[PDB]
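Okay, here we've got a single chain as structure tokens, the form deposited in one PDB entry, with questions on binding and movement later.
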């Protein structure tokens, strides 16, 4: 009937009544979307209607124009732009006019304004928008609601909108935001909305920050805001200071001394946890930026050039005053622990850690004294703090300075493992684990190993929060022991090592831990399996007897879960069966490694048989899960060509994994598996290639596929080409053009989330061409010549390389791949390639850069290629 009546029914607590209402609206939007929106906006815009109907209308509008789904979003945006400009004009008028006329707390108009703006701004279709929003805020006669709802609108636009679209109007946006944050502003609500919008907006105030006049204006408003009496504004302002430090570190030098240091140190000492957390994050974030600057400085030095950005070492300068604040905060442990909850105490530990790795040696002498003062304090809060701080500084300082300190700490640390406080024992295990990780020499000592091992063994039976760190400590100890034994001096793998004596007890104790009923708490079970896994890998040969037993137990468990999965009762059951299967399979990826290949075979056939059964039952019931595919890969690695026996049966399950493109993670694993099948089955994969190749190309048509699938599919094209050689001619044309296009992709660096998808995908392209050029040519030939079909493409591939050489943005993985390709071309097409290569000086420069190593063999490939071009002379 009436739109309003329907709208009010959408909030009914009755399922059917809520269904009728929703279907009415659905088909209305299908029968005449333009007229539906206009009517909806009229409801929203009229204060005469009930709050329920206005809010409901706002929701119908917003949902017609956006969605979390990027693809559906862009689609809704285009459906909007195609509507009569006059109808859209009317909707824009009403939505805009609703701002400030809502009694509702959070405005429903803000999100509609943003939804339409995100569509219309990139094509200048709503020139009226910005200047209207700016007027709403700056107008001294505007009500609190008008200003608040508007600032939220601004915020939603900066957040949802394409990043490239909003710089031409940053000047106006900032005028409104800054005006809304001024301290004279009577309403904290307005200040809060304004400050939240600033945060969303910083991404495009680049041109504004480059102007001292404006930069100075912005910093004063944010700093003053950190003094607002409304805690919500204080926190939001600090959040802005943190983001400003990440994007405009270059400009900060004039504000740190005179403002920021004091503001953020005061925030850290605040009794309001929300405030302390922002002060701490500010100084953890400075550590991150400065560690990144040090890498930039270091790389620029090896290039005989000064770095583009320089560090002012603020962490180093602040360190004196940071540490005493942070150690005290470590004293505020939350007695009821929640390994999923964040508080000042935990943030302080991370911050201390980052300071250790940022300022390295400097830090020791500021922390030690607190540690020695409190290591034996009767108050557990201080005893634990002391042990925590000790573990936080084990990475960063020169190991030569830490060793003596760690060795003299062992006796006390071993005792603390038996401390009456569970909180203390939790930290002792972590600190012990981090000693083993970072400074194993202290633990692999003829003095302390025996008693340390006794503590760790007993600790596996302790409470979850303690046993979990103990597990990690054990695996770390195992890795070190293994390495120590076989740096060298014996040959292929080590005959014995310091853990051999108790290897049996450890595995059985770990196998027990895996099975504890409270295993779900504190990530125990996973930690136990990770540890078992890591210790089986890192074991000496005189440990085989224990290794085999453990493998019989793992298969036993795996065989069990697998058949449990052809008889599922519930989606809870469904979920846990896969979680155990996941851990067991991952564990399998190390045991199969590490037996006799003869035995690995008997195990492989048995497991694959069980998985195929699980596949036959499990899925089409939500299946295929991904770790099962990775499980198959390791299984294909062992059976190699002997896997051909299961192809006819596995084939469909390969497909379903390839076809499933919505779960790019499953698809991805399916793609990689195809590559593994190529190297294993080789030529024998031919009779399967059509099906696969067809599914691959299909997927490439595209684009709600994930970014990340394409490069892998391209890489696999190369493998397929290597595996079937001449038989690839069938696909040659379509693939080359696909490569052609993907080569021309050229995202512009102001972004980095693209700079290293560009390289991820470029490398992929190079591996593709390499597999094709080598696939069509030859080993023990009769004559050669399929490759000649690609001959006409040489000019372009070289251009693609030349363009890669100019871009300072080289991943070593790419330089190498590009070098290997050049060498391939020389060996394939010969002395015509020379003229083309000497016509691009940048290619010469690319090879030299590869003749210096990073990595290893980028240098070999670059060395090889340089040689091939030389011999062509």
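Residue numbers count along the first chain shown, from 1. Whichever C-alpha set is largest while still superposing within 1.5 Å between the two forms counts as the rigid core.
Beyond the structure shown, there is the form deposited in another entry, which is absent from this document and is the topic of what follows.
Candidate set 176, 228, 192, 724; criterion, C-alpha shift of 2 Å or more between the shown form and the other one after rigid-core fit; matching residue, 724. Core-superposed comparison between the shown form and the other one: the CA of residue 425 stays below a 2 Å shift.
With a cut-off of 2 Å and the rigid core superposed, residue 45 has a Cα displacement that falls short of the cut-off between the shown form and the other one.
After superposition on the rigid core, the Cα of residue 413 moves by less than 2 Å between the shown form and the other one.
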